[PDB]
Amino acid sequence: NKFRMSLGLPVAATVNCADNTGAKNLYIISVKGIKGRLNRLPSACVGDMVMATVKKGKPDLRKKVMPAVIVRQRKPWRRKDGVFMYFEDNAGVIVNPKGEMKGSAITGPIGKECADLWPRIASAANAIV
Amino acid sequence: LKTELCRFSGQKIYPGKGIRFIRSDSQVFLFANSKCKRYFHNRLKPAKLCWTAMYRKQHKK
Amino acid sequence: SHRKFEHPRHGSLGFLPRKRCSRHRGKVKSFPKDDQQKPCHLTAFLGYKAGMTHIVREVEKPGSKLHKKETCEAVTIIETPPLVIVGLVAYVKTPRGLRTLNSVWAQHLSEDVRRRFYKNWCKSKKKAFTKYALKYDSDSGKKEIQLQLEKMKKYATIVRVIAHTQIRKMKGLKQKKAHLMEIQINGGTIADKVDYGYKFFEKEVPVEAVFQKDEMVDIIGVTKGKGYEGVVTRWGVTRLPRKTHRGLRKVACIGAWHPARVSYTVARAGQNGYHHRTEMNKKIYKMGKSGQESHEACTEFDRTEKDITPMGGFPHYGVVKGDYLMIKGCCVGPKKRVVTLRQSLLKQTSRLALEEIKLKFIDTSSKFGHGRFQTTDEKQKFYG
RNA sequence: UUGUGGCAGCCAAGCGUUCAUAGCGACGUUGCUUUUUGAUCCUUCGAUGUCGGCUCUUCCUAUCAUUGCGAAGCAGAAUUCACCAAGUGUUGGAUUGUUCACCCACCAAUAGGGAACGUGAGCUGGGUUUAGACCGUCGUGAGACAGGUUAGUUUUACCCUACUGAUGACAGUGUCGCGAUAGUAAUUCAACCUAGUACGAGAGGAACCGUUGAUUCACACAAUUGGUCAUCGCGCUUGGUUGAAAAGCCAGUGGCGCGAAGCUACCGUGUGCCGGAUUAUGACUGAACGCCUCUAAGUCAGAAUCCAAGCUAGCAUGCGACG
RNA sequence: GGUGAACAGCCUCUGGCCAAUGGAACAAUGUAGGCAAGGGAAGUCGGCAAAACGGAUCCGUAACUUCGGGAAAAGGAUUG
Ligand SMILES: [Mg+2]
Ligand SMILES: [Mg+2]
Ligand SMILES: [Mg+2]
Ligand SMILES: [Mg+2]
Ligand SMILES: [Mg+2]
Ligand SMILES: [Mg+2]
Ligand SMILES: [Mg+2]
Ligand SMILES: [Mg+2]
Ligand SMILES: [Mg+2]
Ligand SMILES: [Mg+2]
Ligand SMILES: [Mg+2]
Ligand SMILES: [Mg+2]
Ligand SMILES: [Mg+2]
Ligand SMILES: [Mg+2]
Ligand SMILES: [Mg+2]
Ligand SMILES: [Mg+2]
Ligand SMILES: [Mg+2]
Ligand SMILES: [Mg+2]
Ligand SMILES: [Mg+2]
Ligand SMILES: [Mg+2]
Ligand SMILES: [Mg+2]
Ligand SMILES: [Mg+2]
Ligand SMILES: [Mg+2]
Ligand SMILES: [Mg+2]
Ligand SMILES: [Mg+2]
Ligand SMILES: [Mg+2]
Ligand SMILES: [Mg+2]
Ligand SMILES: [Mg+2]
Ligand SMILES: [Mg+2]
Ligand SMILES: [Mg+2]
Ligand SMILES: [Mg+2]
Ligand SMILES: [Mg+2]
């Protein structure tokens with residue numbers, strides 16, 4: 001499926017919510033697909049569907065866990081090309097548990113490895129890079 | 001081969017090296033090494049560092 | 001009193017004891033199994049870890065994301081001059097194991113392989129094998145030698161050749177005395193093996209006679225030395241909290257009350273590195289054979305006429321002039337270290353073993369600092 | 001010792017829509033365990049440092065997942081019962097000092113346990129357990145509380161052994177070897193195809209082979225990325241100072257920017273292993289027993305199991321060849 | 001003496017000293033000092049320890065109030 005990229009977003013991370021959903025802010029509480037190991041904080045990367053809660057935003061989205069997808073990461077990571085490509089800020093989008101895009105559009109550039117794994121986030125994306 | 005130009009020092013990066021920073025305005029900036037990345041992040045202007053190709057082409061050296 | 005929260009062991013017990021290797025040269029503790037149906041060939045060879053670079057290639061891997069896509073991979077260059085055959089050793093099976101039946105040595109030995117037999121070559125009178133190489137200028141001597149070779153053909157089951165490196169044709173190594181080992185012959189009958197070795201005394205064996213491109217090898221050697229070193233670094237145990245009296249970086253409990261002993265499997269502080277390790281299944285990307293178009297670091301796409309050595313030579317190793325290999329991934333030991341290249345023991349049948357490797361670009365920018373040009377010639381044209 | 005705590009058998013009234021035994025099994029009844037609690041008071045009161053957590057190691061099975069199986073009121077999917085099975089794994093967090101508890105989430109799974117209720121010259125000192133102090137109930141009072149709260153010193157290893165590594169004598173000296181024995185390491189999951197196929201009224205809905213990755217772990221290594229700077233490498237710069245410029249120097253590394261070399265990171269990269277015997281189980285031939293029958297004699301297929309192979313050590317005061 | 005609000009710290013002049021047993025090496029664990037990518041208390045009984053803020057000028061300054069304060073609130077800008 002996807003390749004292994006540097007895990008930059010541990011639990012308790014606070015990321016921008018890069019869509020027109022109303023939430024200004026997500027708060028990572030766990031990452032899907034991680035099998036744990038003593039004392040290691042689960043970490044999230046681009047394309048990692050996570051569980052996030054909104055700490056600053058629309059009151060109709062706050063105080064409930066919800067699947068998100070990380071689309072921008074500030075931790076440099078090693079593309080297979082050799083380049084260490086990264087973004088300016090950590091940012092994610094709210095998705096339904098199957099991965100359908102909850103919102104309508106995505107503000108800011110979006111990662112290619114996230115797009116090629118999530119078709120609908122890829123569709124709502126505006127500038128893949 | 002397909003080289004590419006750094007957008008701070010203007011020097012050709014060869015395949016297998018380079019750091020590309022994706023600024024929030026969706027532009028792609030390819031730095032050749034750490035030194036360009038840091039001079040860029042520190043808010044310095046490439047056209048005023050005496051070693052940069054932008055400086056050299058601006059003063060015709 | 002059970003462990004509240006399980007977690008897998010730190011470090012592996014399959015590598016104890018971890019101490020100084022009592023051998024600088026990586027010993028082949030197992031040779032490829034003999035196959036008398038195949039044509040006769042060697043099974044091991046000696047190189048020297050020159051340095052690392054990286055490459056970029058076009059992957060052909062149906063079903064991968066990287067298919068039809070270029071990828072960047074770290075490679076290691078192993079400068080690997082042809083060995084010299086200076087002996088032929090026979091082994092016979094006994095209920096104890098294998099015996100060195102008897103050994104035969106070539107008439108001449110180089111001024112440096114005869115250094116391997118001394119610890120103070122200078123103050124010596126340099127007489128190693130002097131009275132043996134007189135077994136060749138006499139009729140009785142040649143009679144005895146051919147008697148020994150017939151003994152070897154008729155009795156031996158495992159035949160090995162003595163071969164040494166030409167440690168002098170690499171000036172970058174500040175060393176004059178050669179590395180000598182036994183490379184086991186495989187294939188053919190015993191008579192074919194012994195005839196192959198004897199005929200091939202005193203003559204140089206190229207690395208291609210041993211290996212082929214795309215072939216999987218196993219690199220053996222002694223890791224870098226890191227010295228007497230604490231437990232957190234040796235074994236990987238987690239550190240204790242910041243506020244601990246008498247030090248943080250250690251193991252808190254070194255065993256339960258009973259047994260009333262320190263178990264051998266508790267992490268302790270001691271030698272790290274300079275261990276013996278075999279690291280298997282390293283792929284061969286390119287053979288550089290000195291003297292023709294395949295030597296240089298020019299691929300079929302890139303044509304900047306440059307040699308494999310980077311700008312300013314390989315760090316701590318110098319410039320590669322002799323033949324060499326290029327293996328994917330890292331290599332045991334520091335630069336300048338002797339390594340033993342051994343054919344695989346497994347049967348390479350997976351896709352990852354069978355890909356043909358076709359490069360696109362061999363990075364040459366100096367590995368000393370942030371190299372920015374591929375050739376000193378291009379740097380000179382860029383500066384003027 | 002085992003009342004008590006936990007566990008597991010026997011019979012079979014019934015439940016299980018019909019049906020005792022798929023799955024339970026009441027009235028009864030037989031046992032096992034030493035993590036609970038009780039009983040005792042045998043060692044210890046010229047002191048065995050007392051709860052918990054962190055760390056780290058090892059072992060047990062009364063098996064939660066993981067491999068292989070048998071049974072079903074097993075159509076598929078899922079789930080339940082049991083068998084050979086302890087190799088491997090069993091997580092991040094809210095609140096509490098808490099073990100325990102109970103939620104959020106991941107997970108293939110969030111099983112239970114022992115090791116002087118493992119582990120204080122290993123930590124911590126939150127609780128408890130001195131002296132200060134406050135409240136409440138009690139006492140006439142000093143004071144008490146298996147009531148609540150706050151503050152309250154955590155000493156020593158250099159000995160022996162154990163363990164980790166380091167030399168080293170013993171047939172002169174040196175190269176190459178042999179390999180007794182000991183350690184051992186790999187684990188699991190995901191996606192595509194198979195396939196919306198088998199199965200199924202429909203609803204739903206597998207898997208084998210094949211391909212590509214990943215998780216935990218291990219061993220290396222440093223081309224790139226990152227990290228580190230007292231290269232006091234270059235530059236800049238504050239305060240003082242050598243009359244000034246230049247050059248410097250002091251402020252224990254003056255400070256800042258970049259910073260090679262080395263070291264290093266799942267924060268970077270690579271690699272991680274082939275045969276034989278078998279357990280459960282299902283079978284072959286085949287009697288006892290004119291039939292049947294996997295067992296009785298003989299055979300077979302068979303697993304994260306076993307032993308090898310492979311990897312490490314090899315002062316085994318072991319051995320071989322040659323100089 | 002200089003900087004500086006300053007008997008702060010930092011540096012120098014008069015005066016006084018180099019007295020704390022020295023040589024080699026730069027291993028683990030320490031004592032003291034630092035720096036760290038992404039995250040930012042998830043660690044832990046507990047933000048313990050460290051980092052961060054810090055001078056000055058200009059603006060602005062909430063609840064509450066015993067009307068005295070809070071107040072250097074908070075929040076901004078500038079500095080060679
Ligand atoms: Mg923990
Ligand atoms: Mg760097
Ligand atoms: Mg415990
Ligand atoms: Mg457990
Ligand atoms: Mg490591
Ligand atoms: Mg303390
Ligand atoms: Mg380098
Ligand atoms: Mg009992
Ligand atoms: Mg009972
Ligand atoms: Mg008594
Ligand atoms: Mg007592
Ligand atoms: Mg006593
Ligand atoms: Mg004691
Ligand atoms: Mg005592
Ligand atoms: Mg059992
Ligand atoms: Mg103790
Ligand atoms: Mg206390
Ligand atoms: Mg008291
Ligand atoms: Mg009273
Ligand atoms: Mg009390
Ligand atoms: Mg009391
Ligand atoms: Mg064994
Ligand atoms: Mg570096
Ligand atoms: Mg003044
Ligand atoms: Mg003063
Ligand atoms: Mg940091
Ligand atoms: Mg906290
Ligand atoms: Mg907490
Ligand atoms: Mg915790
Ligand atoms: Mg708490
Ligand atoms: Mg503090
Ligand atoms: Mg206030």
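All of the numbers you see were taken from the coordinates with simple rules; none came from a lab. All Cβ positions, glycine included, derive from the backbone under ideal geometry; neighbour counts span all protein chains shown.
Per-residue answers, yes or no, for (1) in a helix (DSSP H, G or I); (2) without any contact (Cβ under 8 Å) to a residue 12 or more places away in the chain; (3) of a type in the set (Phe, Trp, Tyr):
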position	(1), (2), (3)
C:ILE77	no, no, no
C:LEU88	no, no, no
C:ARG99	no, yes, no
C:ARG114	yes, no, no
C:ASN120	no, yes, no
C:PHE129	no, no, yes
C:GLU144	yes, yes, no
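Which residue pairs have Cβ atoms closer than 7 Å, lie 6 or more positions apart in sequence or on different chains, and pair a first residue in the range A:1-22 that is within 16 Å of ligand 1 (Cβ to nearest atom) with a second residue that is outside any loop (DSSP other than H, G, I, E, B)?
A:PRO10/A:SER43; A:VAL11/A:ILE28; A:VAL11/A:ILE29; A:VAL11/A:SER30; A:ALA12/A:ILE28
Among the residues of the range B:6-38, write down those that are within 9 Å of another protein chain (Cβ to nearest Cβ) and not in a loop (DSSP other than H, G, I, E, B).
Hits for the range B:6-38 are B:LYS12, B:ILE13, B:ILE19, B:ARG20, B:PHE21, B:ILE22, B:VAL28, B:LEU30, B:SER34, B:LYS35.
I want to confirm something. Restricting to the range A:31-54 and keeping residues that are of a type in the set (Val, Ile, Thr) and buried (at least 17 other Cβ atoms within 10 Å of the Cβ), which single residue is farthest from ligand 4 (Cβ to nearest atom)? Steps first, answer last, please.
Our first condition is that a residue be of a type in the set (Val, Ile, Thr); within the range A:31-54, this holds for A:31, A:34, A:46, A:50, A:53-54.
Remaining after also requiring buried (at least 17 other Cβ atoms within 10 Å of the Cβ): A:31, A:46, A:50, A:53-54.
On the way: A:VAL31: 24, A:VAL46: 35, A:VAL50: 29, A:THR53: 32, A:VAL54: 37 Å.
Only one residue fits best here, namely A:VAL54.
Looking at A:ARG74, A:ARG40 in this structure, which one is within 22 Å of A:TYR86 (Cβ to Cβ) and either touching a residue at least 40 places away in the same chain (Cβ under 8 Å) or within 14 Å of another protein chain (Cβ to nearest Cβ) (or both)?
Working: A:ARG40 fails: within 22 Å of A:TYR86 (Cβ to Cβ).
Unique residue meeting the criteria: A:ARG74.
Somewhere in the range A:55-66, is a residue within 14 Å of RNA strand E (Cβ to nearest atom), more than 14 Å from every other protein chain (Cβ to nearest Cβ) and crowded, with 17+ Cβ neighbours inside 10 Å? Quick ask: steps written out before the conclusion?
Taking the range A:55-66 first, the residues within 14 Å of RNA strand E (Cβ to nearest atom) are A:55-56.
Next, only the ones that are more than 14 Å from every other protein chain (Cβ to nearest Cβ) stay: A:55-56.
So of that shortlist, the ones also crowded, with 17+ Cβ neighbours inside 10 Å come out as none.
Looking for residues that are within 14 Å of RNA strand E (Cβ to nearest atom), more than 14 Å from every other protein chain (Cβ to nearest Cβ) and crowded, with 17+ Cβ neighbours inside 10 Å, one finds none in the range A:55-66, hence no.
Any residue in the range C:242-264 that is over 15 Å from C:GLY11 (Cβ atoms) and within 14 Å of chain A (Cβ to nearest Cβ) sitting within a Cβ distance under 8 Å of a residue that is part of a loop (DSSP other than H, G, I, E, B) and away from ligand 6 (no atom under 15 Å from the Cβ)? List the pairs, counting only those 6 or more apart or interchain.
If the second residue must be part of a loop (DSSP other than H, G, I, E, B) and away from ligand 6 (no atom under 15 Å from the Cβ), no pairs are left.
Among the residues of the range C:165-178, which ones are buried (at least 20 other Cβ atoms within 10 Å of the Cβ) and touching a strand residue (DSSP E or B) at 6+ places or on another chain (Cβ under 7 Å)? First the steps, then the outcome.
The initial filter retains those residues of the range C:165-178 that are buried (at least 20 other Cβ atoms within 10 Å of the Cβ), namely C:165, C:167, C:170, C:178.
Once the filter is applied, which keeps residues that are buried (at least 20 other Cβ atoms within 10 Å of the Cβ) and touching a strand residue (DSSP E or B) at 6+ places or on another chain (Cβ under 7 Å), the range C:165-178 yields C:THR165, C:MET170, C:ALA178.
Can you tell me which residue among C:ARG57, C:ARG3, C:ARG9 is within 14 Å of chain A (Cβ to nearest Cβ) and in a strand (DSSP E or B)? Please lay out each step first, then the result.
On the way: C:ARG3 fails: in a strand (DSSP E or B); C:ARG9 fails: in a strand (DSSP E or B).
Result of the check over C:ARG57, C:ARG3, C:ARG9: C:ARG57.
Looking at the range C:27-38, I want the residues that are in contact (Cβ under 8 Å) with a residue 24 or more places away in the chain and over 16 Å from C:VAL339 (Cβ atoms) and have a partner that is part of a loop (DSSP other than H, G, I, E, B) and of a type in the set (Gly, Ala, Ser) with Cβ atoms under 7 Å, at least 6 apart or on another chain. Which pairs are those?
Correct list of pairs: C:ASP35/C:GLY187; C:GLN36/C:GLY187; C:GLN36/C:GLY188; C:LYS38/C:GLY187.
Please work out which residue is farthest from C:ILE167 (Cα to Cα), limiting yourself to the range C:328-384 and to residues that are among the small types (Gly, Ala, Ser), away from every other protein chain (no Cβ under 14 Å) and surrounded by fewer than 15 Cβ atoms within 10 Å (Cβ to Cβ). Can you show your working first?
Let us first name the residues in the range C:328-384 that are among the small types (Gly, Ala, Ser), namely C:329, C:333, C:344, C:350, C:353, C:365-366, C:369, C:371, C:384.
Imposing the further condition that a residue be away from every other protein chain (no Cβ under 14 Å) reduces the set to C:329, C:333, C:344, C:350, C:353.
When the remaining residues are screened for being surrounded by fewer than 15 Cβ atoms within 10 Å (Cβ to Cβ), the result is C:329, C:350.
Working: C:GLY329: 25, C:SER350: 36 Å.
Ranking the qualifying residues of the range C:328-384, first place goes to C:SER350.
For the range B:27-40, how many residues meet the condition of being small (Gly, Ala, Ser) and surrounded by fewer than 16 Cβ atoms within 10 Å (Cβ to Cβ)?
Taking the range B:27-40 as the starting set, the residues that turn out to be small (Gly, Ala, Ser) are B:32, B:34.
From what is left, the residues that are surrounded by fewer than 16 Cβ atoms within 10 Å (Cβ to Cβ) are B:34.
Of the residues in that region, 1 qualify.
So, in the range A:86-109, of the ones that are free of Cβ contacts under 8 Å to residues at least 60 places away in the same chain and buried (at least 19 other Cβ atoms within 10 Å of the Cβ), which residue ends up nearest to A:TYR27 (Cα to Cα)?
Restricting attention to the range A:86-109, the residues satisfying the condition of being free of Cβ contacts under 8 Å to residues at least 60 places away in the same chain are A:86-88, A:95-100, A:109.
Of the ones still in play, those that are also buried (at least 19 other Cβ atoms within 10 Å of the Cβ) are A:86-87, A:95, A:109.
Numbers: A:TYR86: 20, A:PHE87: 19, A:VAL95: 14, A:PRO109: 20 Å.
Per the criteria, the residue is A:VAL95.
Mind telling me which of the residues C:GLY26, C:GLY51 ends up being more than 14 Å from chain A (Cβ to nearest Cβ), assigned to a loop (DSSP other than H, G, I, E, B), under 29 Å from C:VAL319 (Cα atoms) and of a type in the set (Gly, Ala, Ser)?
The match here is C:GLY26.
Might you check whether a residue that is out of contact with any strand residue (DSSP E or B) (no Cβ under 9 Å at 6 or more places or on another chain), free of Cβ contacts under 8 Å to residues at least 12 places away in the same chain and crowded, with 17+ Cβ neighbours inside 10 Å occurs anywhere in the range B:41-61?
So far as the range B:41-61 goes, yes, one or more of its residues are out of contact with any strand residue (DSSP E or B) (no Cβ under 9 Å at 6 or more places or on another chain), free of Cβ contacts under 8 Å to residues at least 12 places away in the same chain and crowded, with 17+ Cβ neighbours inside 10 Å.
If A:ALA91 passes every condition in (1) under 30 Å from B:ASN33 (Cβ atoms); (2) near RNA strand D (Cβ under 7 Å from one of its atoms) but one, which one does it miss?
Of everything listed in (1) under 30 Å from B:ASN33 (Cβ atoms); (2) near RNA strand D (Cβ under 7 Å from one of its atoms), A:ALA91 misses just condition (2).
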